[PDB]
Amino acid sequence: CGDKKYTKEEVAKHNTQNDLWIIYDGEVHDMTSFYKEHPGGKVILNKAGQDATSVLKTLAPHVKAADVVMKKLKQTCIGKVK
Ligand code: HEM
């Protein structure tokens, strides 16, 4: 994830398909490039700029494809929440 720190407020500003961040386990992830390939479609924006930990750990599809979900998270961490 690195050393960059972000406040929840700043992360919230990245809530669009061309500027999409999400928080996972206190980590800030830039998912902008993933928008188009998200198997769930546009609904990924429902948590854009917000915490998606529970969703990513418990939603049926996310569990079935946990390998893909974690791989994508591990390619997108830009910092942590402070
Ligand atoms: C780490 C990357 C991902 C993020 C941040 C993400 C995020 C989300 C969010 C925020 C939602 C909407 C939740 C709600 O409103 O209740 C969602 C739905 C969904 N996601 Fe993902 N997702 C990711 C990866 C994946 C992968 C790899 C799959 C493939 C199996 C997937 C399949 C789905 C499906 C099937 C839905 C439901 C769509 C619907 O209800 O119409 N997601 N995802």
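Residue numbers run from 1 in the order of the sequence given.
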List for me each residue that meets side chain to side chain contact (heavy atoms under 4.5 Å, CB included) alongside [X], sequence neighbours excluded, and say none if there are none.
X: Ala65; answer: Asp67, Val68
X: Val63; answer: none
X: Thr7; answer: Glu9, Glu10, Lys82

Apart from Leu59 itself, what residues make up its hydrophobic cluster, given side-chain heavy atom links below 4.5 Å?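 Members besides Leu59, by chain and number: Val55.
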Quick test of your reading: applying disulfide (SG to SG under 2.5 Å), list the pairs with at least one residue in [range], sequence neighbours left out, ordered by first then second residue.
range: residues 46-82; value: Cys1-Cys77
range: residues 36-75; value: none
range: residues 14-43; value: none
range: residues 24-54; value: none

Can I get a per-line list of side-chain donor-acceptor pairs under 3.5 Å for residues 15-26, giving both atom names and the distance, sequence neighbours left out?
residue: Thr16; atom: OG1; partner: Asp19; partner atom: N; Å: 3.3
residue: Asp19; atom: OD1; partner: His14; partner atom: ND1; Å: 2.6
residue: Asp19; atom: OD2; partner: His14; partner atom: ND1; Å: 3.0

Tell me, please, which residues at least two apart from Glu37 pass salt bridge (charged side-chain N to carboxylate O under 4.0 Å, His left out).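 Residues passing salt bridge (charged side-chain N to carboxylate O under 4.0 Å, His left out) with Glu37: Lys72.
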Side chains of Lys8 and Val81: does their closest heavy-atom pair fall under 4.5 Å?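 SC-SC contact between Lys8 and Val81 confirmed.
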Going by side chain to side chain donor-acceptor pair (under 3.5 Å), name the residues that satisfy it together with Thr32, two or more places apart in sequence or in a different chain.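 If we apply the side chain to side chain donor-acceptor pair (under 3.5 Å) test to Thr32, skipping adjacent residues, the hits are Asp30.
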Pairs meeting criterion ring pair (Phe, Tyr, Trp, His ring centres under 6.0 Å) with involvement of residues 37-57, two or more places apart: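 Pairs touching residues 37-57 that pass the test: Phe34-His38.
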Between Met31 and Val69, is there shared hydrophobic-cluster membership here, with clusters defined by ILVMFWY side-chain heavy atoms closer than 4.5 Å?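 Linked within one cluster.
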Going hydrophobic residue to hydrophobic residue with side-chain gaps under 4.5 angstrom, can you get from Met70 over to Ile44?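 As far as the 4.5 Å side-chain criterion goes, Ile44 and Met70 are connected within one cluster.
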